[PDB]
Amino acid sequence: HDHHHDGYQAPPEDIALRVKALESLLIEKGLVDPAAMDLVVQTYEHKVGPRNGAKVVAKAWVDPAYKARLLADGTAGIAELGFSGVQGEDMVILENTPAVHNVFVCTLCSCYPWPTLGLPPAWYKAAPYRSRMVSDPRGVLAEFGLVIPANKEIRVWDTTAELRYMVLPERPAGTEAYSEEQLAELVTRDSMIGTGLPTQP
């Protein structure tokens, strides 16, 4: 009953040494610059994450003109807030509605919109989620505590190409006149993948 293939299994005992050995090699040959690599790590550890997508969502909730721009051109839309780049070059925003619930997956690997959500969590990239999301989305969402009404369509989007998807979740009731910042606080990572809903006040 250990973790085996869910993404959270224990790595090999010697993995850190293996990693160091390769790193020393690549630095010795002059293939990589350690100082630049630290900047990449800092970028994904501290600067890029789901707080970015949350701002995008909050703005769309309060500004119908922005929402329309965002739905017409996802890349240009997220760029209005200064988000862009690697693994988000061609963005498509998926609007949830009373009729449609959107959720995305990469069945073939791990593709995910880094500029607005940061690096994916381990579960998103592992076999259980990837295998089952396209065949039994309701069963998977239920494991997250999310039960979609039987009469609501679920659209699962498989990220098999170089388009990247982000879900624009539905604004919760009870949030009249909330500032963008207060709205943003309700917007979870899960709500932008489609595996959850925004926090209800």
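One-based numbering along the sequence shown.
Between the stretches 71 to 79 and 115 to 123, it is 71 to 79 that shows the larger average CA temperature factor. Judged by mean Cα B factor in the deposited record, 146 to 154 ranks above the other of 25 to 33 and 146 to 154.
Remark: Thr175 belongs to the highest third of its chain, ranked by C-alpha B-factor as recorded. Placement of the Cα temperature factor of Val62 within the chain: highest third of the modelled residues, per the deposited record. Annotation for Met192: CA B-factor lies in the lowest third of the chain's modelled residues. For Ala99, the recorded CA temperature factor ranks within the highest third of the chain's modelled residues. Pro198: CA B factor lies in the middle third for its chain, per the PDB record.
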